[PDB]
Amino acid sequence: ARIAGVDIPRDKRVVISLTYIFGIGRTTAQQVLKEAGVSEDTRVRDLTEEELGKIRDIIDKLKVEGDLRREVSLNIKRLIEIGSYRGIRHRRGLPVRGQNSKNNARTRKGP
Amino acid sequence: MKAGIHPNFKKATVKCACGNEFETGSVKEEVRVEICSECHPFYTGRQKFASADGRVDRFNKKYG
Amino acid sequence: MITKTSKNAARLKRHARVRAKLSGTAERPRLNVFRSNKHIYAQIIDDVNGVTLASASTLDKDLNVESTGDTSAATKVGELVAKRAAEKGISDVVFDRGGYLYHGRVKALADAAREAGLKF
Amino acid sequence: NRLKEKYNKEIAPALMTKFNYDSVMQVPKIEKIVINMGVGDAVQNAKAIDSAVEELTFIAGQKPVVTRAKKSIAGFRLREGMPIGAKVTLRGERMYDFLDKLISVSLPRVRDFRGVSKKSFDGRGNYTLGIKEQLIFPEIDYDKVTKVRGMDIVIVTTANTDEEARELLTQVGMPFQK
RNA sequence: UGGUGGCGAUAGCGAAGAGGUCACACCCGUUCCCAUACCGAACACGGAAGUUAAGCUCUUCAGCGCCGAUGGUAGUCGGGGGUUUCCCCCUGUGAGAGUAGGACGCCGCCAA
RNA sequence: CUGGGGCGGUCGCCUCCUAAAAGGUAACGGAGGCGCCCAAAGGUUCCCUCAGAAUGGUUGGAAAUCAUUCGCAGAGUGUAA
RNA sequence: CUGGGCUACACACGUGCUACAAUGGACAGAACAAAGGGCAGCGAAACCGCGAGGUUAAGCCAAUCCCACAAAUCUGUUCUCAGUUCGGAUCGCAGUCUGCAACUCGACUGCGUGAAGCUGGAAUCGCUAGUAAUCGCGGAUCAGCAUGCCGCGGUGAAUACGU
C-alpha cells in the first residue's frame with residue numbers, strides 16, 4: 002500500500018497524500034500532482050483505478066526514498082568519508098550548519 | 001488436514017497494475033496485487049528504473 | 001542432508017520392547033507380522049529353540065489373491081497360517097505385533113487367525 | 002503448483018547437467034520451512050502470546066504451534082511453560098504455495114529488497130532467512146493489529162553440501178545479494 | 001538372497017568400492033482406516049512411474065574402539081628377621097599397564 | 001553423652017566415606033540431608049530420547065526460540081548422597 | 001603583511017523572535033496609511049527567470065520621479081481538534097546577489113526534510129487610552145549583513161474597590 006506510494010495515504014487529502022512519502026512533499030505534490038490534476042480531488046482515497054496508476058507513471062517517474070537516504074549517505078557519509086569541513090560537525094556533535102555553540106543547541110547538543 | 005480449522009482455498013486470480021496475472025490458490029476468489037516480479041525492476045533484468053547509479057561520482061564537476 | 005530413520009531401522013527398536021514382554025513359547029509359540037511395502041508375511045517362531053514351526057506369506061504361489069498387497073484379502077495369510085498350524089494343532093499362540101501398530105490391516109491378519117481358530 | 006511444476010519440469014535435470022550425480026533422483030529439493038515468531042511477548046508481559054496466532058495463520062492457513070520454553074532463564078522471564086513464539090513447520094504442497102507467495106509477491110514487500118544473504122547458509126545446506134517486517138505477506142490486513150514483530154524462515158535443502166544447494170536455489174531463481 | 005533368533009563390540013565406529021529382475025528399499029499419491037500439541041517427515045492407507053542415491057547385502061582394509069596372552073614385576077596369604085612413620089628375605093599366589101597376537105563375526109530356523 | 005565436670009554441641013530417621021574385596025564393625029571422625037510433597041510427580045496402553053557444542057539467523061543479547069550435523073549419556077530421574 | 005580568532009561549546013543564565021493553533025491555516029478579489037531616504041544614488045516601464053534576481057533604460061538632484069506594493073482588516077472555497085493540510089528548526093541537493101574572495105564566517109530563493117512545542121513551576125514583569133497589546137513601513141550604520149536600535153502609521157481593549 003498504496004497503489005501509488007509505499008505506505009501512502011488512505012482517506013486523507015490528496016495534496017497531503019502526495020505529501021506523505023520521504024521525498025514527495027507539498028510543493029512537488031502540487032506540481033506533479035497538479036500535472037495529474039487532483040487538487041483533493043477526491044480528498045480521501047478515490048483517485049482512480051487508472052488515475053492512481055497515472056500517479057504510478059507520473060507519480061513513479063520521480064524519486065526517491067532510498068535515493069534520498071543514499072544521497073544523504075553520500076553527503077554526511079560522502080563528506081563524512083571524503084574529508085572534511087562538513088564532517089567534523091556532520092558527526093562531531095557541534096553546530097555544523099552555522100549557529101552559536103552557547104546557543105539553544107536543539108539540533109545536536111541540547112540540555 | 002483438520003476439518004474446520006483450515007480455511008477453504010479457492011483457485012486464486014492474482015493480478016497487477018501492469019495487467020500481469022498469475023493463477024494460484026487462496027482463501028480469496030480474487031487477489032489484486034500492487035507489485036509483481038514481472039514489474040519489479042530488479043527481477044526484470046537491469047532496467048534503469050530511476051538509476052543510473054553513480055551519476056555522478058566521485059567527481060564530474062566542471063563548468064568551463 | 002536430513003538423515004532419516006528407515007521404516008525397518010527404528011522399527012526394531014519398537015519391536016524389542018515387545019520382546020521384553022513375552023516368552024516366545026508356552027506351548028504357545030510367538031507369531032509376528034512383517035509388513036513390507038509390497039506383500040506381508042507371517043511366521044510362527046518360539047524361543048528357546050528358534051524353530052520356525054510353520055509358516056507362509058503373501059508371497060505364496062499356492063493360494064494367490066490376486067490383488068496382492070492390499071486390504072484383508074491379503075490377510076488370507078492370516079487365515080491361512082492359522083489353518084496351517086491347525087494341522088499341527090498348536091496353538092492358542094502368543095502374538096507379536098512386530099514393530100507395527102496392531103491396527104488393521106495388520107490387526108486384520110490376526111483377526112483372520114481367530115475365526116480360523118487360534119485363541120489369543 | 003506453479004513452483005511445484007517449475008522444478009518438476011526443468012530444474013532437477015538442470016543440476017544433473019551442471020555437474021554429475023548417479024541416479025537422477027539424487028538432486029536436492031525443498032524439504033521443509035519452519036516459520037518462527039520467537040517473540041515471547043518481550044518479556045512475557047503482553048500477555049498475548051496468542052496475538053501471534055492471528056498474525057501467522059494468514060501467511061498460510063496452517064494451524065500453528067506455540068513453542069514452549071524448554072529452559073528456565075535466570076536473566077529474564079520465565080521458567081519453563083508459558084510458551085515463547087509460534088511455529089509452522091510446513092511441508093508438501095502447501096509448501097509450494099508458500100514460496101510462490103514469497104518470491105514474486107511478498108519478498109518485494111520488503112522495502113529495500115534487492116538480493117540477500119551471501120553467507121546465511123548453515124555451512125552444510127540449510128538456508129536461514131531473518132524477517133523484520135509484517136506488512137509483507139499478502140493476506141495480512143493493515144486494518145488489523147498494527148503491531149511490529151520479527152520472524153525467521155528456515156528453508157531446508159537436501160544436498161550434502163550447500164555448494165550444491167546454493168546452485169540449486171539459483172536454478173530456482175532466488176535473488177541473492179551477489 | 002530376504003525374514004526371525006542365539007551368542008561379551010573377535011560382532012563395533014571409520015575409509016573405499018560394487019548390487020537391485022525377485023526380496024528388502026526409497027518413490028508416488030491421501031478418497032478411504034487412522035494419525036500430528038500442525039503436518040501423510042513419521043505414524044496409517046493403496047498403488048507402481050522413477051531410481052542404487054541412501055537403507056540393506058557383499059568385498060577390501062587394523063586409522064579408532066574391542067578381545068587377548070607368556071614371561072617379569074607391584075601387591076599379598078603363611079612363616080622368619082630387622083636399623084620398625086618403614087624395610088628385608090623364604091614358600092605359594094599373583095596384578096595393573098604394556099606387549100607377542102587375534103579380530104572389522106560365527107551358529108541357527110523359515111521363506112525364494 | 002563428655003578425653004574430670006561445667007559452658008558449647010548432639011540425642012531419633014535416610015545416604016556416603018572411614019570399613020580391613022561377603023555382611024556388620026567405634027569415637028565430641030569426615031560430608032549431606034529427613035519430619036514432606038504428587039490427584040497426579042500413581043496404574044496401564046502407545047510413542048519419543050538427553051546435556052552441551054558448532055553453523056546461521058527477529059528486536060536475539062555470553063546465553064530464552066528456531067532449523068543440520070555432532071553428541072553411550074558429560075541430561076534427567078520431586079527433594080541428597 | 002597572509003591566514004586564523006573575536007562566531008568555540010559538557011553546561012547555567014539575560015533580552016527578544018517564531019510557535020503550540022479554528023477569533024486559526026492555505027488561496028482568490030477588494031480597501032486603508034504615515035514617515036524617511038535617494039547623484040560614488042534611487043531606480044520607472046518592457047522582457048527574461050517559479051524564484052531570489054538579471055538585462056537595458058525613460059525619469060528623479062526630487063512636495064513632481066523612484067524606493068512603494070502597506071500589512072493586520074472585509075467577501076467566498078477549504079482544512080475540523082491532530083504533532084496535524086499547525087508550526088517551524090535541523091540538514092541535504094540546486095540557484096541568485098554582494099564582494100579580491102561567502103568552507104571557519106553574508107543573506108535570499110527553489111525542491112525535499114518536518115525537531116521540540118498542545119498556553120509553560122516556585123517566582124517574576126510592563127501597563128491608566130489612542131495606552132497596553134497587536135499588524136506592517138522607513139531610516140542611521142552599510143558593498144553584503146537586523147529577530148536589535150531609532151522613528152512612522154493601522155486594528156483597537158479591561159480595570160483602578162481602596163491604602
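Chains M, y, h and Z supply the protein sequences, listed in that same order. Just so you know, the authors' numbering puts 74 at position 73 of the first sequence, and the rest follows in order with no gaps. Just so you know, the authors' numbering puts 60 at position 60 of the second sequence, and the rest follows in order with no gaps. Just so you know, the authors' numbering puts 27 at position 27 of the third sequence, and the rest follows in order with no gaps. Just so you know, the authors' numbering puts 35 at position 34 of the fourth sequence, and the rest follows in order with no gaps. Using N, Cα and C, we set each Cβ at its ideal position, and we do this for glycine too.
Could you check whether the Cβ of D113/Z sits closer than 8 Å to any Cβ belonging to chain M? Closer than 8 Å to some Cβ of chain M, the Cβ of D113/Z qualifies, so yes.
Give the residues from the segment 20 to 37 of chain y that approach chain M closer than 7 Å (Cβ to any Cβ), ordered along the chain. The residues in question are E34.
For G54/M versus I25/M, is the C-beta spacing smaller than 8 Å? Not closer than 8 Å, so no.
Hey, quick one: how far does the beta strand (DSSP E) through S55/h stretch, first residue to last? Per DSSP, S55/h belongs to the beta strand (DSSP E) from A54 to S57.
Give me the residue from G98/h, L118/h, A85/h and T75/h with the minimum Cα distance to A10/h. Checking every option, the nearest Cα to that of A10/h belongs to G98/h.
For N37/h and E94/Z, what's the separation of their Cα atoms in angstroms? Rounded to the nearest whole angstrom, the C-alpha separation of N37/h and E94/Z is 24 Å.
So, is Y22/Z buried or exposed, given that buried needs 16 or more other C-beta atoms within 10 angstroms? Answer is exposed; the Cβ neighbour count stays below 16.
Environment of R98/M [buried if 16+ CB atoms lie within 10 Å]: By the neighbour-count rule (16 or more Cβ atoms within 10 Å), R98/M is not buried but exposed.
Could you check whether the Cβ of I40/h sits closer than 8 Å to any Cβ belonging to chain Z? So no, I40/h is outside the interface.
Mark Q178/Z as exposed unless 16 or more other C-beta atoms lie within 10 angstroms of its C-beta, in which case mark it buried. Result: exposed.
Buried or exposed, going by whether 16 or more other CB atoms sit within 10 Å of the CB of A112/h? By the neighbour-count rule (16 or more Cβ atoms within 10 Å), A112/h is buried.
In chain h, which residues lie with their C-beta within 9 Å of the C-beta of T171/Z? Listed along chain h, no residue sits closer than 9 Å to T171/Z by beta-carbon distance, the nearest being about 18 Å off.
Give the range of the alpha helix (DSSP H) segment to which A49/Z is assigned. Where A49/Z is concerned, there is no enclosing alpha helix (DSSP H), given that its DSSP letter is neither H nor E.
Consult DSSP for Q32/M and reduce its assignment to one of helix, strand or coil. DSSP places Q32/M in helix when its eight states are reduced to three.
Bridge partners of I137/Z, per DSSP? The partner list for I137/Z (beta bridge, DSSP) is empty, contrary to what the question assumes.
Looking only at DSSP bridge pairs, what is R32/y linked to? Beta bridge pairing from DSSP links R32/y with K15/y.
State the beta-bridge partners of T90/Z as determined by DSSP. Residue pairing by DSSP places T90/Z opposite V35/Z in a beta bridge.
Can you round the beta-carbon distance between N8/y and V31/y to whole angstroms, since I take them to be within the 8 Å contact cut? Incorrect: roughly 15 Å between the Cβ atoms, too far for contact.
Where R14/M falls: helix, strand or coil (DSSP): For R14/M, the three-state secondary structure derived from DSSP is coil.
Strand pairing of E23/y, partner residues [DSSP]: BP columns for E23/y point to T13/y.
Rounded separation between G88/M and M1/h - CA only: For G88/M and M1/h, the distance between alpha carbons rounds to 51 Å.
Is it the case that the Cβ atoms of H39/h and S67/h are separated by a distance below 8 Å? In this structure, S67/h does not lie closer than 8 Å to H39/h by Cβ.
Measuring CA to CA, which of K71/Z, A53/Z, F114/Z and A70/Z is closest to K64/Z? Nearest to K64/Z by C-alpha distance, out of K71/Z, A53/Z, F114/Z and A70/Z, is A53/Z.
With a CB to CB cut of under 6 Å and the five nearest residues on each side skipped, what residues in its chain are close to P10/M? Counting only Cβ-Cβ distances below 6 Å, and skipping sequence neighbours, we find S18 and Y21.
For chain y, check one thing: does any of its Cβ atoms lie closer than 8 Å to the Cβ of residue 181/Z? No answer is possible for residue 181/Z: it lies beyond the span of chain Z, which begins at 2 and ends at 179.
Decide if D51/Z is buried, meaning its Cβ has at least 16 other Cβ atoms within 10 Å, or exposed. Result: exposed.
Tell me whether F34/h sits in a helix, a strand or coil according to DSSP, three-state version. Note: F34/h maps to strand in three-state DSSP.
Mind pulling the alpha helix (DSSP H) runs of 4 or more residues that sit fully within the segment 79 to 124 of chain Z? Taking 4 residues as the shortest admissible run, the segment 79 to 124 of chain Z contains the following complete alpha helix (DSSP H) segments, listed from N- to C-terminal end: 93 to 99.
Top-ranked residue by Cα proximity to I5/y, from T58/Z, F20/Z, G41/Z and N46/Z: That would be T58/Z, whose Cα lies nearest to the Cα of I5/y.
Would a check of beta-carbon distances place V16/M closer than 8 Å to chain y? Interface annotation, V16/M: not in contact with chain y, CB-CB separation never under 8 Å.
My output table needs one value for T129/Z: the three-state DSSP class, helix, strand or coil. The answer is strand: DSSP assigns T129/Z an E or B state.
What residue does the beta strand (DSSP E) around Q43/h start on, and which one ends it? Per DSSP, the continuous beta strand (DSSP E) segment holding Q43/h begins and ends at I40 to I45.
Rounded straight-line distance, which links the Cα of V15/M to that of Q32/M: C-alpha separation (whole angstroms): 12 Å.
Express the C-alpha separation of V149/Z and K62/M in angstroms, rounding to a whole number. When rounded, the distance between both Cα atoms is 31 Å.
Is the segment 168 to 178 of chain Z in contact with the segment 104 to 121 of chain Z, if contact means three or more CB pairs nearer than 8 Å? Using a C-beta cut-off of 8 Å, the segment 168 to 178 of chain Z makes contact with the segment 104 to 121 of chain Z, since at least three inter-stretch Cβ pairs fall below that distance.
Which one or two residues does DSSP pair with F95/h in a beta bridge? Beta-bridge pairing links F95/h to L31/h.
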